[PDB]
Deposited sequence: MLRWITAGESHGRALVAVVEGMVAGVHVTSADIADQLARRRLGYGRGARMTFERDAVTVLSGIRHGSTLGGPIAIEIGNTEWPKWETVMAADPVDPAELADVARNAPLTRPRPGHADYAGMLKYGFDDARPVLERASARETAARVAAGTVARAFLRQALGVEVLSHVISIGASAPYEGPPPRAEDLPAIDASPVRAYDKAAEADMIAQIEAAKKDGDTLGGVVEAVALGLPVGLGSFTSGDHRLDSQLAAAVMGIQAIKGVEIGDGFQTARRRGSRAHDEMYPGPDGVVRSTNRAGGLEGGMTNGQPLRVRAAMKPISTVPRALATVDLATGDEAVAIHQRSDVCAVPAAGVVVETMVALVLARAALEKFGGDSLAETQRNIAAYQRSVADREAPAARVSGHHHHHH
């Protein structure tokens, strides 16, 4: 089974992603990884070393380990040293001071209590969204597989930021990605773009921060990934887990999501009609999933992100050392990370889709998986 794991602290030496269970023969390079890491850095308001699992630009079949360096490591090499440091030397280092005032909205408080820590540092170092870089590295392998095996593309666009009027037009196609990635807020629609940029400008002036909604779209999927046989096998379950597990995400929808719940059955679903090469539909309210399976239509997954950067001077907290009232201090200064969150959602979607495809189509090498896919597609067409 395809599996992924990330490791690293925000201010540690490096991050590591390991992907286990990918077939041999998938073409992927350090340059591909770096490119996706560059996309994760997009938005208005990462030295890669492949350590294992890839040879001469082709996966080997074994575990793929990717390291992502921390460029600021020299500043942190004592405070975040793996090995013991003389506590007296450490006592003279201002950077190593105690963080005992948890930020509302973050892991700090619950993580400190959970693990019995008197300092937020060990919590925030691992909880931080810097970890999504390691996710994106892993996701690159999944992306390559999906394209080479299935001709599938995963992209995203931003629906809303702050109080912007949500973009409710049709989703983009793959060929629209260059224009989206060139948008300061990775919007597909120019009117929504302007509205969102205005929201960011206003927040920036007010010294405030914003969240937003993003949509990942996966195109070209075969019918029948996921299953109806149990709750855990439904692809929507799997996608929900992968997307909700992203830092700052507080909601996930498939297709028209919560709006579908307000609609009558007569207008809620996607009717089917005859076509040359199979059943066709004129709507995709379902967002490409029915009964837990891909149905041939674009997969559409939406994620709601809370504002992720803490606001200066606004939020009351408690100094856990004393029990006294305090005010929370920020660790990040960006007004909005929604555009980049879209890229992270793409990654998580790709990983789940790749896993589901390997579950159905099997194989130990790409050529084998491809034969299996072709035979399945033939069997469907011959219906």
item: Gaps in the model, given as deposited-sequence positions counted from residue 1; value: 46 to 54, 393 to 407
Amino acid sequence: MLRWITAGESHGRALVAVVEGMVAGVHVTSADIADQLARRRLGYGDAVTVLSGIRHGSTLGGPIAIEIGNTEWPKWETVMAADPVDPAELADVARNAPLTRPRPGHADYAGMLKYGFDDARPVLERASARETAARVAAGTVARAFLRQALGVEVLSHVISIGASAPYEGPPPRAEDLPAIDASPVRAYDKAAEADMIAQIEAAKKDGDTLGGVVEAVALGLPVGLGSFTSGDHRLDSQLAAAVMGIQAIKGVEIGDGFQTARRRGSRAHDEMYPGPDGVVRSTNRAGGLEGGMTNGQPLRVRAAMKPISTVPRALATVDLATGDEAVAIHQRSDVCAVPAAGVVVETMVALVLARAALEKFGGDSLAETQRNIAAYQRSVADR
From here on, numbers count along this sequence of modelled residues.
item: Between 224 to 232 and 182 to 190 (mean CA B-factor, as deposited), the higher; value: 182 to 190
item: Higher-scoring stretch by recorded Cα B factor average, 320 to 328 or 334 to 342; value: 320 to 328
item: From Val214, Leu146, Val217, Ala174, residue of greatest CA B-factor; value: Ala174
item: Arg262, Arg135, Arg121, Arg101, ranked by C-alpha B-factor: the highest one; value: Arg101
item: Assigned third (lowest, middle, highest) for the C-alpha B factor of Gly251; value: lowest
item: Record-listed C-alpha B factor of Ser52: chain third; value: lowest
item: Chain thirds of CA B-factor: placement of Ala129; value: lowest
item: Assigned third (lowest, middle, highest) for the C-alpha B factor of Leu42; value: highest
item: For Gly62, the third of its chain into which the C-alpha B factor falls; value: middle
